[PDB]
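# Here is the input, now give the coordinates:
(one chain, ligands or ions: 2)
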Amino acid sequence: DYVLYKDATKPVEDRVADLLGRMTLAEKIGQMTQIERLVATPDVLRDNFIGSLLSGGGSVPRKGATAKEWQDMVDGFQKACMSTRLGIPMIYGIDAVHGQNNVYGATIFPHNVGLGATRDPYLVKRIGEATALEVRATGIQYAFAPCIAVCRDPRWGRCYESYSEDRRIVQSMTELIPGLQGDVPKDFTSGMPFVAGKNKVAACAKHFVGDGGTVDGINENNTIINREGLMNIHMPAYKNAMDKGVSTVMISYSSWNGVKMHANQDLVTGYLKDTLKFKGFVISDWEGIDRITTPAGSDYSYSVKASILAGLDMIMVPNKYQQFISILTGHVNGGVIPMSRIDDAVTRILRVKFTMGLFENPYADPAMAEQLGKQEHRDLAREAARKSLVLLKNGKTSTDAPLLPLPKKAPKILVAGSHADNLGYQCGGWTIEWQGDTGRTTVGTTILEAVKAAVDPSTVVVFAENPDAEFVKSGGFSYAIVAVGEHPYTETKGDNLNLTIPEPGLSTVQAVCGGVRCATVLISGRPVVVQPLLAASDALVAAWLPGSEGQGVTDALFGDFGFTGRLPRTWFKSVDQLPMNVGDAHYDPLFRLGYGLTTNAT
Ligand SMILES: *[C@@H]1O[C@H](CO)[C@@H](O[C@@H]2O[C@H](CO)[C@@H](O[C@@H]3O[C@H](CO[C@H]4O[C@H](CO)[C@@H](O[C@H]5O[C@H](CO)[C@@H](O)[C@H](O)[C@H]5NC(C)=O)[C@H](O)[C@@H]4O)[C@@H](O)[C@H](O)[C@@H]3O)[C@H](O)[C@H]2NC(C)=O)[C@H](O[C@@H]2O[C@@H](C)[C@@H](O)[C@@H](O)[C@@H]2O)[C@H]1NC(C)=O
Ligand SMILES: *[C@@H]1O[C@H](CO)[C@@H](O)[C@H](O)[C@H]1NC(C)=O
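Residues are numbered from 1 along each chain as shown. Ligands and ions are numbered 1, 2, ... in the order given. Have a look at this structure:
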């Protein structure tokens, strides 16, 4: 007879209820299990009734794989799943955090902090639209974005993934969600999940609660703040996300006053689910539950109990799914965790799946393959890179002739610096590799290429990564552009207490600037010790981690557009000043939040 859940014309709650009613326990726990493509097999997926798969950073089919290779891999796995007794399609997730970043040729947008500098939530929405198209070009339906942490200490390895230290700004940027998922209906009820269909992806409001508030900005550490601070600083954005229909919510590795978020039922079930009435699914972070214990995974049985009772719906295992499934099966058999908990979890996961239309379109559209790196997206990244720049100084003394914007026609110029021609540096973490990488890792334009693409043909362009002072003084150059900065980093690799840029960086700037007037382009993921760099330069621009399209940078240096970005964070005088955010008592910044010089297009 008739199977209501397979009927695409039925209400999503009816289909969910129908399916749920036919699921054995193995099938239920299988849905709540997310595993890494690296441990996946058509059998594993089929036998274990696996409910979701993910690519961790750098987890790809082959280096330089095309978009159909991605689609082919995704479809392959999908086929195993569609071949279960219930044929419940799996959902494939990936960190498409500044474009479809793990994918070769994907358009790499400016990282978040640089996006905060734009104060343009519409442009952020447009990036989210572009991003969804580029993710769907590879056959993926779920992006682990946006990271709406409110970084309160830039020593935190992930501060670049936070739009601003000011939640008002982060709240404004949640426009990334309808960008990726498409806008919610007028009929829409906050907390309800939504995805417009196949050319859109399920989004994810990440690191549920207080990740950007850790002590000393130590990653995955503890957030010591009262409940009024939590809700006034770290909660706000999550509610906007609910009114925006964010599909999923990922839980943070961090602790709130000593309690792990992965084991916190008050905030996950009582608050996020009961109070905010979120109806999508709550997913753990990579080994998020193993981590509730110290040592991590020291009592995995406890991990499972703790996180499932707390409220998490889907578990990003991502490797030892055997152990996870065995254990959870055991806790239910022993009544330790009740079927209602399980059913609620599976209820949330199917709702998202049914809603986004996964049951109607579980495979990739070969037609979307050309979306990856589409030139129009690239033109958009270029826009956002340019808009995210913050001119910090444009002249050594109030009476100097402002250096920017530079003339395009000059007899000869120098482009110098470790970051002048390094695509991987320019893009930062979460790019091709998990930690990012160095060199020409993908398709794009470095500050050198962009400079050559900009200047008058009569303009001779000289590149020297690290020129000595005499080299510059004898070069008869009209001016120089020096690019220096941080190296790519992700997560704990980024936790940094000294916040000074690696050398040669200052020495090259001083070398070049001592000999010729220079515009310093600082590529960083955060505020870094800058008074020395400021001391040597005629003009200095904070480019943040601008992405693959370097022309956005020279679109401003050369006057094609004027500078408009403004600090999305406080620029500190020193690290012993930290934390120190707007509204503080010892507020004594080198540059206050909102700071930024302007110029006019030529
Ligand atoms: C401010 O505090 C930081 C702590 O995080 C510290 O930076 C970290 O320092 C540690 C060493 O103590 C370093 O770990 C080592 O990594 C070695 C490889 O280093 C390379 O790998 C990282 C990862 O790929 C690349 O950035 C680059 O480094 C050099 C110099 O500029 C450059 O010429 C290279 O071409 C560039 N190479 C690449 C591929 O990008 C990293 O910095 C170097 O490549 C490894 O073999 C060792 O076993 C060890 O584990 C961390 O990588 C580093 N973290 C980051 C995010 O950079 C700061 O240290 C200062 O800078 C470092 C770059 C060193 O030069 C060190 O001597 C400096 O003291 C610290 N600052 C101060 C003033 O204390
Ligand atoms: C935070 O960091 C210190 C290591 O710096 C560790 O010993 C401590 O237990 C961590 N706290 C949490 C909640 O992770």
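
# From ligand 1, how far out is the residue nearest in space to the middle of the chain?
In the chain, the residue lying closest to the centroid (Cα atoms, centre = their mean) is residue 97, at 3.1 Å. To ligand 1, residue 97 is 18 Å away according to Cβ to the nearest ligand atom, to the nearest Å. Using the backbone N, CA and C atoms, a C-beta is placed for each residue, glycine as well.

# Which positions in the chain make contact with ligand 2?
Counting by Cβ under 6 Å from any ligand atom, the chain comes close to ligand 2 at 218, 220-222, 255.

# SS state for the spatially closest residue to residue 38 that is not a sequence neighbour?
Leaving aside its chain neighbours, residue 38 sits nearest to residue 59 (6.0 Å; criterion: Cβ to Cβ, 6 or more residues apart in numbering). The three-state label given to residue 59 by DSSP: H, G, I helix; E, B strand; the rest coil is coil.

# What is the burial count for the closest residue to residue 449 other than its chain neighbours?
Among residues not flanking residue 449 along the chain, residue 550 sits closest, at 6.5 Å (Cβ to Cβ, 6+ apart). By the criterion of other Cβ atoms under 10 Å, residue 550 has 29 neighbours.

# Residue 550 contacts residue 443, doesn't it?
No - with contact defined as Cβ atoms under 8 Å, residue 550 and residue 443 do not form a contacting pair (11.8 Å).

# so what sits against both of these two?
Counting by Cβ atoms under 8 Å, 6 or more residues apart in numbering, no residue touches both residue 550 and residue 443.

# hmm, back to that, where's the residue nearest to residue 449 relative to ligand 1, distance?
Per Cβ to the nearest ligand atom, residue 550 is found 18 Å from ligand 1.

# sorry, back to before: within the helices and strands, which one has the residue nearest to the centre of the chain?
Assigned by DSSP states H and E, residue 97 belongs to no helix or strand.

# Please name the residues that touch it.
Contacts of residue 97 (Cβ under 8 Å, 6+ apart): 111, 143-145, 147, 161, 430.

# Let me know the closest of these to residue 235.
residue 147 (15.2 Å; Cβ to Cβ).

# Test my guess that the closest one contacts residue 160.
No - the criterion here is Cβ under 8 Å, and residue 147 misses it with residue 160 at 9.5 Å.

# Compare those two and say which is more crowded by neighbours.
Shown here are residue 147 and residue 160; by other Cβ under 10 Å, residue 160 has more neighbours (30 against 25).

# Quickly note the distance from the more buried one to ligand 1.
Taking Cβ to the nearest ligand atom, one finds residue 160 at 12 Å from ligand 1.

# count of neighbours near the residue lying closest to that residue once chain neighbours are set aside?
Leaving aside its sequence neighbours, residue 160 sits nearest to residue 525 (Cβ to Cβ, 6+ apart; 3.2 Å). When neighbours are counted by other Cβ under 10 Å, residue 525 registers 30.

# Looks like the residue nearest to residue 38 contacts residue 36 (just checking).
Yes - counting by Cβ under 8 Å, residue 36 is a contact partner of residue 59 at 6.4 Å.

# Grab the nearest non-local neighbour of residue 208.
Nearest to residue 208 is residue 251, by Cβ to Cβ, 6+ apart, at 4.8 Å.

# And residue 287, by the same measure?
Closest to residue 287 by Cβ to Cβ, 6+ apart is residue 296, at 6.9 Å.

# same check, this time on residue 573
In this structure, residue 573 finds its nearest non-sequential neighbour in residue 590, 4.8 Å apart by Cβ to Cβ, 6+ apart.

# give the contact list for that neighbour.
Neighbours of residue 590 in contact, by Cβ under 8 Å, 6+ apart: 530-531, 571-573.

# Would you show me how to pick out the buried ones of the residues you listed in ChimeraX?
Only the buried members of these enter the following ChimeraX selection, criterion being 16 or more other Cβ atoms under 10 Å:
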select :530,571,572
